[PDB]
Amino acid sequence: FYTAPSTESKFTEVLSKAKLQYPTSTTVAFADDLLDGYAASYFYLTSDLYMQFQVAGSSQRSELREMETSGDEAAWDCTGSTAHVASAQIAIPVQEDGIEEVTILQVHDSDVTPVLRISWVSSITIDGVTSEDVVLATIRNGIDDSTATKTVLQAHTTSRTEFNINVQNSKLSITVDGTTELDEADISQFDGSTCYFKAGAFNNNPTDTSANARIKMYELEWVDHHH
């Protein structure tokens, strides 16, 4: 009884350039399935026209994964001269109790390392400063270094918020509601990797493994701009 995101033309292009992974890294719906009206409790269109992702369980996900229209997986040079841009209008509801962090957008390499995660966190402590109920950028310091550089981007609001990730040469920038919140962070540690975008709900370290993480996107796209 769920309405498909594909019924809104604002999502046709990104769905054509995506596959849906749920509840783990297995594909449940390819582009052609998504465009044919794929809909489920973990992926549906709300009555006010948000694409809503919902999932429970530790490290479980409902997430779109960037694809080419050819059906090739996206695998662009992480540090190449072509700009890669992901834009989304995201409403982050107040999360259920037991939900501690939800990744909503990613730049991921083609193996096992996330270049960037944008995530809601109940709390984070950075260089001695604790922030609560914020949106966070996490950039991994390298494939062989589990540590990351963390940057608070925004105080959590339920209001629809514009996020832009711009990746070009060895630099990554994030804008939030038109304001640069991460200005040309270095990602040269991913020279020689290939990369793709992800977007949705990716549930990190819940304290209640049955609670549902939930994330709503009013717009979503990922594009290239050739230099």
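A residue's number is simply how far along the shown sequence it sits, counting from 1.
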Would 122 to 130 or 92 to 100 have the larger average of its C-alpha temperature factors, as given in the entry?
122 to 130
The stretch whose C-alpha atoms carry the larger average B-factor in the entry, 143 to 151 or 105 to 113, is 143 to 151
What's the residue among 16, 21, 204, 212 with the greatest CA temperature factor in the PDB record?
212
Scanning 33, 162, 183, 68 for peak Cα temperature factor in the entry gives 183
Residue 81: C-alpha B-factor third of its chain, per the entry, is the highest
Taking the entry's C-alpha B-factors for this chain, is residue 48 in the lowest, middle or highest third?
highest
Ranked C-alpha temperature factor of residue 188 among modelled chain residues, by third:
middle
Ordered by C-alpha B-factor within the chain, which third holds residue 196? Give me lowest, middle or highest, please.
lowest
